[PDB]
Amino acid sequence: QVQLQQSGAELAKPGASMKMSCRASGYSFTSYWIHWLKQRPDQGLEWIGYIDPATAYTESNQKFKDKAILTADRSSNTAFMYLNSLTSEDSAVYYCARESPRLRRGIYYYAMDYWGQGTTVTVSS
């Protein structure tokens, strides 16, 4: 059974940086991407980016190219997301999600088949 255990809720200061983790168990961590997503109160999901643990390659949404940095530790089966220059606009629920098996070579569904429970971040003065 595939599980993604995310880190606990953090209470961050404006302008500071923070780090959250996504622990993978029950599957080959290097065979699928890990997407990172953002959700605001009673709103839709924003896609931040994904990282390929096999190659450490990262693709990022332009809206987050200076806000988030995605890393993956192959040995510990863990994905990380570093946020910087925090603001109240960053107060949200952050999810990590596993990319489903591809349609064919080079063609991906971009369907996030397994999700972490989410990490709530509160940026407050």
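The numbering used is simple: start at 1 and walk along the sequence shown.
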Look over 64 to 72 and 38 to 46 in the entry and identify the one with the greater average Cα temperature factor.
38 to 46
Of the three thirds of its chain by CA temperature factor, lowest, middle or highest, which one includes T78?
lowest
Pull the Cα B-factor of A54 out of the PDB entry and bin it into the chain's lowest, middle or highest third.
highest
Split into thirds by Cα B-factor across the chain's modelled residues, where does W115 land: lowest, middle or highest?
lowest
What third of its chain, lowest, middle or highest, does the C-alpha temperature factor of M18 fall into?
middle
